[PDB]
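Peer 1: Supplied in structure tokens, the structure appears directly below.
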Amino acid sequence: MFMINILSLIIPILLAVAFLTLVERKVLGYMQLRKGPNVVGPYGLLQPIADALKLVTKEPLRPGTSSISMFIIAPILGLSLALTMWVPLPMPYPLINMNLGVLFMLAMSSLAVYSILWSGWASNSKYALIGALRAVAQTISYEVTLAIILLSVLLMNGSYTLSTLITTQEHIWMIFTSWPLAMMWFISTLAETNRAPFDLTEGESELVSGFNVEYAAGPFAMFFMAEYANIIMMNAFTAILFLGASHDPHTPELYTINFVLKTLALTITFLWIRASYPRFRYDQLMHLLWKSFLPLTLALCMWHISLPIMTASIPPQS
Amino acid sequence: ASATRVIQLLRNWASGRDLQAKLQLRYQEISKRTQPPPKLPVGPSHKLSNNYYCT
Amino acid sequence: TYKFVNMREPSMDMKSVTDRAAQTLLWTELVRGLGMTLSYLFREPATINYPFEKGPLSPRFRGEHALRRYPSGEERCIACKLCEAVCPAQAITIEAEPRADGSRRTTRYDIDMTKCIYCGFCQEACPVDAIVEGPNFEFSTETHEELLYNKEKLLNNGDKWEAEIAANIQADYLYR
Amino acid sequence: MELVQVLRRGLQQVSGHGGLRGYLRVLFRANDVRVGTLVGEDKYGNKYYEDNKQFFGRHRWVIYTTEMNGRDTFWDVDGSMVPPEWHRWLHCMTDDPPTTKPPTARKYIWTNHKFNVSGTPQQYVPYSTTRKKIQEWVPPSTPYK
Amino acid sequence: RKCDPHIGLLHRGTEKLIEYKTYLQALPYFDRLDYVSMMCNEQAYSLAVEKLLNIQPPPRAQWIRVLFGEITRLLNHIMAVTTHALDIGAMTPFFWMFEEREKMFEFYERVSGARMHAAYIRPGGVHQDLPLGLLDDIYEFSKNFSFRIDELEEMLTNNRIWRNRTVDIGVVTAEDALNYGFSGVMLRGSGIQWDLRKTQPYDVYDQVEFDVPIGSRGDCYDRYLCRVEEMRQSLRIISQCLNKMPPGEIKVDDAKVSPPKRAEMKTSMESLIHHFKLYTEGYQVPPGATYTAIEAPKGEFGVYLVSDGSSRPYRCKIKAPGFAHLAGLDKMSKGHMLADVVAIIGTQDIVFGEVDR
Amino acid sequence: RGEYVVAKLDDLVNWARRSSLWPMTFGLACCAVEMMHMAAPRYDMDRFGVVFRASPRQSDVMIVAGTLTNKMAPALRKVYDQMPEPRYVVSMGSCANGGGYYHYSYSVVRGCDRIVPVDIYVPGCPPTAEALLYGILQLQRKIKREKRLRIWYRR
Amino acid sequence: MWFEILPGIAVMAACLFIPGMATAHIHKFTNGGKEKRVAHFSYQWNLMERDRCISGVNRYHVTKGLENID
Ligand SMILES: CCCCCCCCCCCCCCCCCC(=O)OC[C@H](COP(=O)([O-])OCC[N+](C)(C)C)OC(=O)CCCCCCCCCCCCCCCCC
Ligand code: SF4
Ligand code: SF4
Ligand code: SF4
């Protein structure tokens with residue numbers, strides 16, 4: 001009966017990912033005083049279908065210098081890990097109840113760089129290769145901050161079991177206990193997914209296409225769908241560690257909508273953040289992390305690792 | 001500009017600055033596209049006398 | 001007179017340092033950047049929908065050319081030739097022969113539409129304002145040839161756009 | 001309290017659009033669901049509207065006819081379909097709709113305004129309208145001396 | 001370490017085509033010379049030509065000339081900062097304030113009849129008069145304009161990541177900027193005290209109060225504050241000029257250099273002959289050479305036209321503000337990252353239509 | 001029958017093609033500034049499902065605008081060839097259309113059509129944002145009156 | 001106005017609502033009314049083997065109360 005849930009999980013993400021592009025384009029439009037796509041169907045709702053299959057029906061040129069095997073592998077693994085990434089989400093009852101689910105989340109988040117690296121190298125372009133190693137060096141540099149912040153956060157949870165988050169974050173949002181790490185976690189997310197102001201990996205007027213470079217209908221759509229698949233979920237991870245909701249077993253629907261709205265509102269801010277702020281330079285993008293975030297990250301981890309022992313409030317791992 | 005007062009407070013507070021009285025785009029203050037006929041003046045040398053070009 | 005734009009001494013009290021320390025730590029000038037973005041979202045967009053609406057123009061607009069004619073019906077173009085001597089792209093081309101009666105009307109008036117710049121000079125040049133620039137600006141095409149105008153196409157524009165430019169010049173000649 | 005009249009306008013929008021079918025027609029064909037006063041109607045079916053409250057640019061608008069000069073048009077909205085007399089008021093070049101002040105009567109004015117004809121058999125093709133030069137010779141008709 | 005560009009992607013005839021046209025036919029060249037600020041170019045060319053003819057424009061015509069000259073001054077600084085925002089990553093700011101540019105463009109359409117390439121400033125005064133109500137439209141826009149530039153100001157100035165990407169990122173010292181041909185704002189942001197508006201008050205500039213925005217060290221940030229302050233000062237030059245419009249004329253009363261009024265054209269022969277000859281060969285400018293520069297809203301814009309005692313120019317080399325300010329790029333980018341180069345351009349104003357003379 | 005099937009499929013494909021026309025705006029001169037008035041809050045360019053896109057690999061219509069010199073000519077053709085199928089180039093302005101007022105210049109190629117197969121000729125100097133938007137709408141209808149599947153079906 | 005955004009997020013939220021709703025309901029349906037008993041440790045696993053063995057129908061989510069014992 002089970003392939004049901006996999007399909008009932010996967011296809012909604014693709015549909016949610018696709019309509020984020022609409023939501024992004026329209027939000028940005030109103031952000032910078034515009035209307036956005038509104039002529040292709042009612043309020044542009046059919047536009048996502050218009051461009052998507054368009055990005056499947058336009059000719060997919062293979063660059064002459066490109067290595068076909070890697071040029072195909074990079075979108076495949078970039079897309080594949082994002083879909084598998086959604087399986088342990090503690091959304092009411094998680095599909096995959098991996099007791100180490102948070103490690104599972106980080107393990108797959110450390111392989112999207114290969115999708116960045118190979119696609120940059122496979123294109124075999126000077127513009128691609130400087131975009132690639134720069135892009136990969138940015139994202140794995142934010143790995144250490146990404147890993148430690150969680151280690152501070154779940155240290156009060158009890159384990160890395162994602163479903164346990166709803167039990168720990170029952171009476172209050174966990175943001176009220178780790179809000180110094182809140183924006184610290186949140187800001188690091190845009191670094192990983194490469195969204196403005198941390199949008200050095202695209203740079204439409206600077207990197208023209210960034211790590212996507214010479215990608216068109218076909219592999220590009222996967223990358224665009226992949227990049228807009230990670231954005232939707234880092235909300236869900238944020239909306240699970242941080243702000244959550246009750247999970248009354250009699251009405252699992254109550255947890256659904258409440259969780260969904262938070263994962264919607266946060267995605268707006270992701271889209272909202274890109275609107276205002278300028279775009280980072282690489283030196284500062286690395287300077288902010290290694291020098292303005294790491295010392296802060298280490299200190300909070302010490303505080304969050306001694307606080308439960310100080311107050312005799314260690315969490316139960318079971 | 002036409003929004004309700006409550007949402008006007010929202011954008012007013014989010015900006016902290018009076019966006020209602022000095023809203024960006026035009027409204028019923030511009031000069032009517034129909035205008036009275038003009039009667040442009042004459043130049044500084046439109047005199048029928050003592051006005052030789054040599055002067 | 002002059003006015004300094006950058007020089008400024010930051011106050012160096014504990015409250016001032018805390019203010020600046022908070023500003024860097026708890027991002028307030030950053031959030032202000034977000035603060036007035038929402039004010040822009042919750043605002044009416046200025047998006048003119050097209051062709052349903054139209055951005056305003058003036059009775060002086062310069063666009064598609066259209067050679068007019070007298071109220072009796074006769075062509076205003078006298079072959080006075082002045083429009084060429086002023087046409088700074090040399091787009092127009094006028095050559096005339098004595099008509100059957102004798103009144104000279106140009107046997108060829110071919111504004112190379114992809115040559116001119118819509119000066120208004122040709123309008124300002126004509127002593128009988130034969131050549132005008134109609135308010136139309138939506139006359140794109142797909143073949144480069146259809147841009148290349150001629151005497152007949154000019155006359156058709158004059159007969160098609162006739163009421164508008166007659167009204168526009170009627171309400172604008174006083175300024176001229 | 002401020003919410004109810006806003007939704008009242010939203011429901012009044014369907015009332016002013018002649019039912020749900022009319023609402024969906026304008027929402028798809030025009031993508032502008034707005035109720036405005038009928039200022040005038042030209043000789044093709046183009047229905048013109050005006051709303052003072054709307055800001056400059058949305059002050060006056062038009063939903064085009066479904067048919068004019070042969071071209072069937074329901075998803076074929078174009079800007080060259082506006083007749084010249086209404087081209088003034090619609091572009092807000094003058095606050096005087098043609099239905100109020102009609103164009104000065106002339107014999108040579110086109111009775112039917114034409115849309116953009118490019119890309120179709122009746123499009124335009126340039127040509128030299130001068131007569132000729134260098135008139136040639138002509139001999140009697142039996143050849144070789 | 002080394003940064004020399006290669007231009008000519010928009011090199012065009014300009015001066016070469018000018019010699020075969022008359023002065024009036026040469027006016028559209030300056031309108032299209034730079035593709036950003038149109039009216040201020042005709043300010044230079046008309047000023048240079050009227051200088052050669054020893055004909056001064058009527059006082060009113062100067063007042064419209066300055067009014068639209070500063071309206072275009074408002075046009076220029078808007079795109080330089082907002083394109084810098086587009087470069088620096090802020091896409092929201094250039095959409096907001098640019099809607100305001102549609103209002104001045106609408107003003108351009110009302111007066112000249114064209115949306116951007118007005119061809120309005122002519123030798124011997126402005127070509128045509130303002131429509132009845134254009135002054136009111138300026139005030140309605142100007143009333144809310146500072147409100148819009150504050151919206152630019154808040155999010156594009158104190159933004160922590162805008163500040164660092166504009167502070168210290170490229171700087172020129174005093175004598176170095178002076179000796180690189182930098183002029184106008186480029187020196188003013190580097191601390192040099194100089195401005196063509198006041199030191200050489202061309203046109204009616206000696207009757208309007210404004211403050212030049214001299215600044216600190218002179219990095220990307222320094223001239224950025226200078227530019228926005230220029231817009232605020234340009235707003236007063238508008239406001240002072242808006243309530244000072246005198247009841248005068250638009251053209252000189254010398255039909256030999258100014259086309260006669262159309263009403264008198266079809267009635268008086270002297271008008272008809274003068275209109276005929278002026279529209280066939282134009283006025284003959286007395287021989288000589290003259291380099292006259294005005295404060296462009298980008299830099300020092302001068303035309304060194306030489307008159308052969310004919311109805312056409314002989315050579316009309318331009319002092320392009322973009323040209324001389326592109327000359328400084330090599331020293332301007334000593335020791336900076338590759339991603340900075342676009343911002344290094346952004347603090348300056350390099351419109352590829354104007355740099356090529 | 002089969003003819004109706006391919007006609008519906010032809011309708012569906014061109015509906016996408018006449019919707020997501022991501023443009024290569026390759027303007028160089030004062031035709032370029034007036035185009036942003038078509039990417040304006042006044043007239044939205046994004047409202048017709050089209051967004052100004054970099055990376056010519058993913059682009060459909062190339063908006064060429066501004067005067068075209070000989071120096072730019074080699075660079076314009078190479079990017080055009082890099083542009084994927086389908087690709088349409090819209091000549092904007094008098095200069096790009098036939099050379100314009102910079103016609104007889106020694107360093108201007110008369111019109112972009114001499115280098116690239118122009119699909120839409122938008123006249124203007126500058127073409128007002130409405131006028132060039134009208135050309136985009138004209139190109140949109142051109143995609144509608146396309147018979148790609150019909151030709152393949154009736155080959 | 002800004003409310004035209006809501007239809008864009010409407011099919012967002014509803015579509016994003018269903019994976020959580022589904023993976024709960026089939027979880028309810030598969031596990032005989034109750035939810036899928038989760039074995040994070042060996043205790044909760046060799047537990048279910050006792051229930052699966054004792055049901056007689058080889059289904060863990062089948063309960064046998066006091067009516068079962070003799
Ligand atoms: C008993 C109490 C124990 C704990 C007490 C802890 C101390 C008190 C609290 C301190 C503040 C919290 C921790 C530090 C946070 C800032 C870290 C840092 O380095 O900041 C300065 C850093 C660096 O600033 P800087 O570089 O100008 O200065 C730092 C010093 N130097 C120059 C030497 C590096 O700047 C930023 O972080 C700016 C923002 C970058 C990201 C851009 C997007 C921002 C989006 C904001 C809106 C959305 C917010 C969402 C919030 C979450 C929602 C769920
Ligand atoms: S259009 Fe006017 S100026 Fe030109 S030749 Fe004819 S009459 Fe003379
Ligand atoms: S308006 Fe056009 S056609 Fe007339 S003279 Fe000027 S450039 Fe030539
Ligand atoms: S066609 Fe006209 S507006 Fe366009 S670049 Fe050439 S001169 Fe400028």
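Each chain in the structure tokens gets a letter, A, B and so on, in the order shown; residues start at 1 in every chain, and ligands are counted from 1 in the order they appear.
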Contacts of residue 12 (chain G) at 12 Å or less, counting only C-alpha atoms, minus same-chain residues fewer than 6 places along, as JSON, numbers by chain?
Peer 2: {"A": [12, 13, 14, 15, 16, 17, 18, 19, 20, 21, 22, 23, 24, 45, 48, 232, 257, 260, 261, 263, 264, 265, 267, 268], "G": [5, 6, 18]}
Peer 1: Would you put the residues from that selection into a file with C-alpha atoms, as a PDB file, in the first residue's frame?
Peer 2:
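Contents of the output file again.pdb:
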```
ATOM      1  CA  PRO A  12       3.335  17.610  -3.786  1.00  0.00           C
ATOM      2  CA  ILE A  13       6.917  18.869  -3.378  1.00  0.00           C
ATOM      3  CA  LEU A  14       7.385  19.221  -7.133  1.00  0.00           C
ATOM      4  CA  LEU A  15       4.067  21.061  -7.279  1.00  0.00           C
ATOM      5  CA  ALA A  16       5.008  23.121  -4.217  1.00  0.00           C
ATOM      6  CA  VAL A  17       8.485  23.774  -5.632  1.00  0.00           C
ATOM      7  CA  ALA A  18       7.072  24.843  -8.991  1.00  0.00           C
ATOM      8  CA  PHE A  19       4.551  27.247  -7.484  1.00  0.00           C
ATOM      9  CA  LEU A  20       7.286  28.805  -5.365  1.00  0.00           C
ATOM     10  CA  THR A  21       8.683  30.322  -8.567  1.00  0.00           C
ATOM     11  CA  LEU A  22       5.319  31.995  -9.120  1.00  0.00           C
ATOM     12  CA  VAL A  23       5.140  32.940  -5.452  1.00  0.00           C
ATOM     13  CA  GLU A  24       8.687  34.275  -5.632  1.00  0.00           C
ATOM     14  CA  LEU A  45      -1.655  30.352 -11.625  1.00  0.00           C
ATOM     15  CA  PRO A  48       4.146  27.573 -13.654  1.00  0.00           C
ATOM     16  CA  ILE A 232      10.943  25.007   0.746  1.00  0.00           C
ATOM     17  CA  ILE A 257      -1.979  23.247   8.687  1.00  0.00           C
ATOM     18  CA  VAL A 260       2.290  24.240   6.777  1.00  0.00           C
ATOM     19  CA  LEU A 261       1.574  27.900   7.509  1.00  0.00           C
ATOM     20  CA  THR A 263       6.705  26.708   6.392  1.00  0.00           C
ATOM     21  CA  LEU A 264       4.789  29.059   4.096  1.00  0.00           C
ATOM     22  CA  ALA A 265       5.409  32.277   6.021  1.00  0.00           C
ATOM     23  CA  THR A 267       9.391  30.860   2.619  1.00  0.00           C
ATOM     24  CA  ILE A 268       7.923  34.315   2.057  1.00  0.00           C
TER      25      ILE A 268
ATOM     26  CA  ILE G   5      -0.690  36.772  -4.055  1.00  0.00           C
ATOM     27  CA  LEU G   6      -2.946  34.542  -1.946  1.00  0.00           C
ATOM     28  CA  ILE G  18      -1.419  16.864   1.669  1.00  0.00           C
TER      29      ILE G  18
END
```
Peer 1: List the spatial neighbours of region 40-49 of chain D as a list in words - criterion: any atom at most 6 Å away, only C-alpha atoms, same-chain residues fewer than 4 positions off excluded.
Peer 2: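 So the residues in contact are residues 36, 60, 61, 62, 63, 64, 65, 68 and 99 of chain D.
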Peer 1: Could you work out which residues of chain B fall inside 10 Å of chain D? Count only C-alpha atoms, and format the result as a ChimeraX atom specification.
Peer 2: /B:1-7,25-30,32-35
Peer 1: Would you mind listing, as a VMD selection string, all residues of chain F that have at least one atom within 9 Å of chain E, where only C-alpha atoms are what counts?
Peer 2: chain F and resid 28 to 34 37 39 to 42 66 to 73 102 104 to 108 125 to 126 128
Peer 1: Would you write out those residues with N, CA and C atoms, as a PDB file, in the first residue's frame?
Peer 2:
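Final output, selection_16.pdb:
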```pdb
ATOM      1  N   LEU F  28      22.273  48.318 -26.664  1.00  0.00           N
ATOM      2  CA  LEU F  28      23.531  48.996 -26.397  1.00  0.00           C
ATOM      3  C   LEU F  28      23.414  50.498 -26.178  1.00  0.00           C
ATOM      4  N   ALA F  29      22.329  51.137 -26.600  1.00  0.00           N
ATOM      5  CA  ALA F  29      22.270  52.593 -26.588  1.00  0.00           C
ATOM      6  C   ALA F  29      20.927  53.065 -26.054  1.00  0.00           C
ATOM      7  N   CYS F  30      20.578  54.331 -26.301  1.00  0.00           N
ATOM      8  CA  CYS F  30      19.373  54.909 -25.709  1.00  0.00           C
ATOM      9  C   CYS F  30      18.121  54.100 -26.006  1.00  0.00           C
ATOM     10  N   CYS F  31      18.169  53.176 -26.962  1.00  0.00           N
ATOM     11  CA  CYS F  31      17.106  52.188 -27.015  1.00  0.00           C
ATOM     12  C   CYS F  31      17.085  51.292 -25.785  1.00  0.00           C
ATOM     13  N   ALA F  32      18.200  51.176 -25.061  1.00  0.00           N
ATOM     14  CA  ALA F  32      18.245  50.277 -23.912  1.00  0.00           C
ATOM     15  C   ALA F  32      17.549  50.864 -22.690  1.00  0.00           C
ATOM     16  N   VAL F  33      17.661  52.175 -22.469  1.00  0.00           N
ATOM     17  CA  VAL F  33      17.068  52.767 -21.271  1.00  0.00           C
ATOM     18  C   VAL F  33      15.547  52.766 -21.366  1.00  0.00           C
ATOM     19  N   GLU F  34      15.006  53.027 -22.559  1.00  0.00           N
ATOM     20  CA  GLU F  34      13.556  53.059 -22.718  1.00  0.00           C
ATOM     21  C   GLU F  34      12.937  51.670 -22.622  1.00  0.00           C
ATOM     22  N   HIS F  37      11.630  50.954 -19.218  1.00  0.00           N
ATOM     23  CA  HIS F  37      10.273  51.446 -19.043  1.00  0.00           C
ATOM     24  C   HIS F  37       9.237  50.410 -19.453  1.00  0.00           C
ATOM     25  N   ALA F  39      10.133  47.069 -18.709  1.00  0.00           N
ATOM     26  CA  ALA F  39      10.308  46.274 -17.503  1.00  0.00           C
ATOM     27  C   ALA F  39       9.890  47.034 -16.259  1.00  0.00           C
ATOM     28  N   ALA F  40       9.020  48.020 -16.437  1.00  0.00           N
ATOM     29  CA  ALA F  40       8.704  49.025 -15.439  1.00  0.00           C
ATOM     30  C   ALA F  40       7.678  48.542 -14.428  1.00  0.00           C
ATOM     31  N   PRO F  41       7.630  49.182 -13.261  1.00  0.00           N
ATOM     32  CA  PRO F  41       6.391  49.165 -12.480  1.00  0.00           C
ATOM     33  C   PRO F  41       5.228  49.772 -13.232  1.00  0.00           C
ATOM     34  N   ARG F  42       5.492  50.658 -14.194  1.00  0.00           N
ATOM     35  CA  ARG F  42       4.419  51.246 -14.985  1.00  0.00           C
ATOM     36  C   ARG F  42       3.832  50.222 -15.951  1.00  0.00           C
ATOM     37  N   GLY F  66      19.672  49.662 -29.776  1.00  0.00           N
ATOM     38  CA  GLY F  66      20.826  50.529 -29.853  1.00  0.00           C
ATOM     39  C   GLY F  66      21.558  50.372 -31.168  1.00  0.00           C
ATOM     40  N   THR F  67      22.486  51.295 -31.403  1.00  0.00           N
ATOM     41  CA  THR F  67      23.253  51.284 -32.638  1.00  0.00           C
ATOM     42  C   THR F  67      24.223  50.109 -32.646  1.00  0.00           C
ATOM     43  N   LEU F  68      24.388  49.505 -33.817  1.00  0.00           N
ATOM     44  CA  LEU F  68      25.211  48.314 -33.981  1.00  0.00           C
ATOM     45  C   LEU F  68      26.448  48.667 -34.793  1.00  0.00           C
ATOM     46  N   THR F  69      27.599  48.707 -34.132  1.00  0.00           N
ATOM     47  CA  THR F  69      28.848  49.028 -34.798  1.00  0.00           C
ATOM     48  C   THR F  69      29.501  47.762 -35.346  1.00  0.00           C
ATOM     49  N   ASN F  70      30.554  47.948 -36.144  1.00  0.00           N
ATOM     50  CA  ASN F  70      31.270  46.801 -36.691  1.00  0.00           C
ATOM     51  C   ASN F  70      31.995  46.034 -35.598  1.00  0.00           C
ATOM     52  N   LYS F  71      32.505  46.744 -34.591  1.00  0.00           N
ATOM     53  CA  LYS F  71      33.224  46.076 -33.512  1.00  0.00           C
ATOM     54  C   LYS F  71      32.312  45.127 -32.747  1.00  0.00           C
ATOM     55  N   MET F  72      31.061  45.529 -32.520  1.00  0.00           N
ATOM     56  CA  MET F  72      30.134  44.673 -31.790  1.00  0.00           C
ATOM     57  C   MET F  72      29.676  43.496 -32.641  1.00  0.00           C
ATOM     58  N   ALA F  73      29.760  43.624 -33.963  1.00  0.00           N
ATOM     59  CA  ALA F  73      29.188  42.627 -34.867  1.00  0.00           C
ATOM     60  C   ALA F  73      29.681  41.207 -34.619  1.00  0.00           C
ATOM     61  N   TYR F 102      22.118  57.038 -37.613  1.00  0.00           N
ATOM     62  CA  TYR F 102      23.507  56.628 -37.810  1.00  0.00           C
ATOM     63  C   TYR F 102      23.626  55.672 -38.988  1.00  0.00           C
ATOM     64  N   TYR F 104      24.755  56.311 -42.612  1.00  0.00           N
ATOM     65  CA  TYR F 104      25.894  56.394 -43.511  1.00  0.00           C
ATOM     66  C   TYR F 104      27.224  56.393 -42.776  1.00  0.00           C
ATOM     67  N   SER F 105      27.215  56.180 -41.465  1.00  0.00           N
ATOM     68  CA  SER F 105      28.448  56.198 -40.695  1.00  0.00           C
ATOM     69  C   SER F 105      29.376  55.076 -41.133  1.00  0.00           C
ATOM     70  N   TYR F 106      30.677  55.353 -41.080  1.00  0.00           N
ATOM     71  CA  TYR F 106      31.679  54.387 -41.505  1.00  0.00           C
ATOM     72  C   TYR F 106      31.752  53.174 -40.588  1.00  0.00           C
ATOM     73  N   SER F 107      31.265  53.283 -39.356  1.00  0.00           N
ATOM     74  CA  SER F 107      31.404  52.223 -38.366  1.00  0.00           C
ATOM     75  C   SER F 107      30.054  51.768 -37.831  1.00  0.00           C
ATOM     76  N   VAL F 108      29.027  51.787 -38.675  1.00  0.00           N
ATOM     77  CA  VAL F 108      27.712  51.270 -38.318  1.00  0.00           C
ATOM     78  C   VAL F 108      27.243  50.340 -39.425  1.00  0.00           C
ATOM     79  N   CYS F 125      12.568  55.863 -32.032  1.00  0.00           N
ATOM     80  CA  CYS F 125      13.853  56.464 -31.685  1.00  0.00           C
ATOM     81  C   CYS F 125      13.646  57.449 -30.547  1.00  0.00           C
ATOM     82  N   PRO F 126      13.487  56.954 -29.321  1.00  0.00           N
ATOM     83  CA  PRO F 126      13.392  55.550 -28.928  1.00  0.00           C
ATOM     84  C   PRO F 126      11.985  55.038 -29.165  1.00  0.00           C
ATOM     85  N   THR F 128       8.758  53.992 -27.817  1.00  0.00           N
ATOM     86  CA  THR F 128       8.153  54.138 -26.502  1.00  0.00           C
ATOM     87  C   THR F 128       7.847  52.766 -25.921  1.00  0.00           C
TER      88      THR F 128
END
```
Peer 1: Provide the CA of residue 255 (chain A) to CA of residue 154 (chain A) distance in Å, to one decimal place.
Peer 2: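 Spanning CA of residue 255 (chain A) to CA of residue 154 (chain A) is a straight-line distance of 20.5 Å.
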Peer 1: What residues of the protein or nucleic acid chains come within 6 Å of ligand 3 when you use only C-alpha atoms and all ligand atoms? Reply as a ChimeraX atom specification.
Peer 2: /C:83,86-89,91-92,116-122
Peer 1: Residues of chain E within 6 Å of chain C: nearest atom pair and distance (Å, one decimal) for each, counting only C-alpha atoms, sorted by chain and number, as a tab-separated table?
Peer 2:
```
residue	atom	partner	partner_atom	distance
E:25	CA	C:88	CA	4.9
E:110	CA	C:58	CA	5.0
E:113	CA	C:61	CA	4.2
E:155	CA	C:33	CA	4.4
E:159	CA	C:30	CA	5.7
E:211	CA	C:2	CA	4.5
E:212	CA	C:2	CA	4.8
E:213	CA	C:3	CA	5.4
E:214	CA	C:4	CA	5.4
E:215	CA	C:5	CA	5.2
E:216	CA	C:6	CA	5.6
E:279	CA	C:86	CA	5.7
E:280	CA	C:85	CA	4.9
```
Peer 1: Those residues you just picked out, can you put them in a file as a short mmCIF file (atom, residue, chain, number, x, y, z; two decimals), in the first residue's frame with N, CA, C and O atoms?
Peer 2:
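The file below, part.cif, is the result:
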```cif
data_model
loop_
_atom_site.label_atom_id
_atom_site.label_comp_id
_atom_site.auth_asym_id
_atom_site.auth_seq_id
_atom_site.Cartn_x
_atom_site.Cartn_y
_atom_site.Cartn_z
N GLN E 25 20.77 70.47 -37.53
CA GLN E 25 20.78 69.03 -37.75
C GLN E 25 21.77 68.34 -36.82
O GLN E 25 21.67 67.12 -36.60
N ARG E 110 5.17 65.89 -22.61
CA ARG E 110 4.23 67.00 -22.66
C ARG E 110 4.84 68.21 -23.35
O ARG E 110 4.15 68.93 -24.09
N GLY E 113 7.24 66.51 -27.02
CA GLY E 113 6.52 65.57 -27.84
C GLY E 113 7.16 64.21 -27.95
O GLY E 113 6.53 63.29 -28.48
N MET E 155 17.02 52.03 2.64
CA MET E 155 17.41 50.65 2.40
C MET E 155 18.72 50.53 1.64
O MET E 155 19.34 49.47 1.65
N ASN E 159 22.23 50.17 4.93
CA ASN E 159 22.30 48.72 4.82
C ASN E 159 23.74 48.28 5.05
O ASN E 159 24.64 48.67 4.30
N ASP E 211 23.83 73.75 -2.68
CA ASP E 211 25.03 73.37 -1.95
C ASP E 211 25.67 72.17 -2.62
O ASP E 211 25.03 71.12 -2.76
N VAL E 212 26.92 72.31 -3.04
CA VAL E 212 27.62 71.19 -3.66
C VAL E 212 27.95 70.16 -2.59
O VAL E 212 28.26 70.53 -1.44
N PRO E 213 27.85 68.87 -2.88
CA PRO E 213 28.06 67.83 -1.85
C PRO E 213 29.49 67.32 -1.76
O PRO E 213 29.81 66.19 -2.13
N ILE E 214 30.40 68.17 -1.27
CA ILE E 214 31.76 67.71 -1.03
C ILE E 214 31.74 66.66 0.08
O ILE E 214 30.89 66.69 0.97
N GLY E 215 32.68 65.72 0.01
CA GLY E 215 32.65 64.57 0.89
C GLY E 215 34.01 64.22 1.45
O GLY E 215 35.00 64.93 1.27
N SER E 216 34.03 63.08 2.14
CA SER E 216 35.20 62.51 2.80
C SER E 216 36.10 61.81 1.80
O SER E 216 36.08 62.12 0.61
N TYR E 279 15.82 76.76 -42.65
CA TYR E 279 15.50 75.35 -42.78
C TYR E 279 16.08 74.72 -44.04
O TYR E 279 15.81 73.55 -44.31
N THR E 280 16.86 75.47 -44.83
CA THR E 280 17.62 74.88 -45.92
C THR E 280 19.10 74.77 -45.58
O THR E 280 19.68 73.69 -45.65
#
```
